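Here you get one chain, nothing else, as structure tokens; it is the form deposited in one PDB entry.
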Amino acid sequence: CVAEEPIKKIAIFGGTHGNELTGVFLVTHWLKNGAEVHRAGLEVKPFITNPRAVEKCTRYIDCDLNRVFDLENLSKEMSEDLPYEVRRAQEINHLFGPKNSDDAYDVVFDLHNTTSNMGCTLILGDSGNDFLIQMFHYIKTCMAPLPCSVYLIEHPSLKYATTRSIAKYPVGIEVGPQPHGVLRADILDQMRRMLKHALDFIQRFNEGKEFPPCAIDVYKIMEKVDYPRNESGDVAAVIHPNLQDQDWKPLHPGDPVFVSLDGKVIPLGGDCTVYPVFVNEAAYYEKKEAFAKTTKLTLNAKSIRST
């Protein structure tokens, strides 16, 4: 049985990538009128993390703002050649951190959007975080039967740099599919419902509605699969129709994954059935990720309550 102190400070970040509109829209709204994210006891703080990128409806200025929160860049000396995102990340790590410190904000919900058919999705940066497993189980249960998938991205060899990683309790709230630079009312309503059930969880966990022991089904990142590309640099094939929009559904070695304009079909291969996520995401053409391979498993969580 775990026992944690009451959560006090909550920051909801929108606009880390200025062209993923949903997060922008809500933070704009809430800042204006904060009744929707008001909860007694909490100091839920909505905040925009890239006005410049949002103001021009673009993803980033110099570099991805979600890749520079590694202490390495946070403790970098200030200059003029300094990337904008860095000049902004250092300010963020100062206002809502410092990263890994008793002063660090308690919870940061960083809102994102994807062009892939992923549906309601939650991101966990630690399979050993019982508080977050309980929050996620609570969200899935409350939103049922509307799915709210959990993407587990943990292995410390690739988990250590994000805007929300300064949070004593970080949470990624992905929401797609949605073309970047577009606002779909349906996606806005879903992102809001996810946040509605999460912020409620925090006030309840406080009120003493101690939670029973339980686990959740999650998708654990295995590895990213790039696009086969010509000796040149540009891709030489396109996501197979049968795979298109099929995030989360098991893939088998012989199932078609890519197809060239000539019509050749490239199957999955390998010897194991995997689950595809972030299939055909626009922002990832440059990161070299046609989709990410993950493994499906269970994560138990000890019963929890507030001190």
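Rigid core here is just the name for the largest C-alpha set that superposes within 1.5 Å across the two forms. Position 1 is the first residue in the sequence shown; the rest follow in order.
*Asks:* For the higher mean C-alpha B factor in the entry, choose 135-143 or 113-121.
*Replies:* Comparing 135-143 with 113-121, the higher average CA B-factor belongs to 135-143.
*Asks:* Averaging CA B factors per stretch from the PDB record, which one is higher: 15-23 or 295-303?
*Replies:* That would be 295-303.
*Asks:* Checking the record values for 99, 229, 197, 184, which has the greatest CA B factor?
*Replies:* In the PDB entry, the greatest C-alpha B-factor among 99, 229, 197, 184 is found at 99.
*Asks:* If I read the C-alpha B-factors straight from the PDB entry, which of 159, 204, 164, 193 is highest?
*Replies:* Largest recorded C-alpha B-factor: 159.
*Asks:* Sorting by Cα B-factor within the chain, modelled residues only, which third would residue 220 end up in: lowest, middle or highest?
*Replies:* Middle third, going by the recorded CA B-factors of the chain.
*Asks:* Taking the values exactly as deposited, rank residue 180 by C-alpha B-factor within its chain and report the matching third: lowest, middle or highest.
*Replies:* Answer is lowest: the recorded C-alpha B-factor places it there.
*Asks:* Using only modelled residues of the chain, where does the Cα B factor of residue 247 rank: lowest third, middle third or highest third?
*Replies:* Lowest third.
*Asks:* According to the PDB entry, is the CA B factor of residue 95 in the bottom, middle or top third of its chain, that is, lowest, middle or highest?
*Replies:* CA B-factor rank for residue 95: highest third.
*Asks:* Residue 276: which third of its chain by C-alpha temperature factor?
*Replies:* Lowest third - that is where residue 276 ends up once the chain's C-alpha B-factors are sorted.
We do not show the form deposited in another entry, though everything after this point is about it.
*Asks:* Where does the C-alpha shift reach 2 Å or more between the shown form and the other one among 234, 77, 102, 80, given a fit on the rigid core?
*Replies:* The only residue crossing the 2 Å threshold is 80.
*Asks:* Return yes or no for residue 144: a CA shift of at least 2 Å between the shown form and the other one, with the rigid core superposed?
*Replies:* Residue 144: C-alpha displaced by less than 2 Å between the shown form and the other one.
*Asks:* Spell out whether the Cα of residue 222 moves at least 2 Å between the shown form and the other one when the two forms are superposed on their rigid core.
*Replies:* The answer is no, as the C-alpha of residue 222 shifts between the shown form and the other one by less than 2 Å after core alignment.
*Asks:* So that I can tell if residue 182 moves, could you say whether its C-alpha shifts by at least 2 Å between the shown form and the other one after the core superposition?
*Replies:* No, residue 182 moves less than 2 Å.
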